[PDB]
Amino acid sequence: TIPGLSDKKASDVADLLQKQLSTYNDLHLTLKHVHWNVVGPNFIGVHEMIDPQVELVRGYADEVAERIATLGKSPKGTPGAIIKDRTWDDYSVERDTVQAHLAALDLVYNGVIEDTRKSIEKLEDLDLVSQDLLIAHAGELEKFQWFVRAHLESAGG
């Protein structure tokens, strides 16, 4: 009954986003979880290096959901609703080192930027504005992965 223009084409994208909407929600809790379980002789560096990224992604969440409802469908943001769309195993790492946790996080982001890049191409035709949302997000998500990656590498590790 209400999107910006295309009854169907939108419902497609509305579900594309909801998949992202839930990945971020796992993401920011996951990030946060990592932040307070990270440990060892660089913990404050990373612990904090994270906090912007939490705050950023959390917002990415808002931007998705607000978009979805803009598209017409309803966004779903309860932990129930994320296990539903989720496709990793929930971050299993616990009190652990940086290296452990970033190794761990690298792979998590790996899902996210892969999925997001895919929803980007899917969107290229359907809805460009929403393509642009994730494109923005994506730069920032990728960047953050580079931060985490740079913590463990040398020649090209």
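All residue numbers are counted from 1 along the displayed sequence.
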query = With respect to the recorded C-alpha B factors, which stretch has the higher mean value, 112-120 or 22-30?
reply = 112-120
task = Mind pulling up the entry and telling me whether 127-135 or 50-58 has the higher mean Cα temperature factor?
result = 127-135
inquiry  = Using only modelled residues of the chain, where does the Cα B factor of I68 rank: lowest third, middle third or highest third?
reply    = lowest
task = Sorting the chain's modelled residues by C-alpha B-factor, tell me whether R149 ends up in the lowest, middle or highest third.
result = middle
key: Chain-wide C-alpha B factor ranking for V13, given as lowest, middle or highest third   = highest
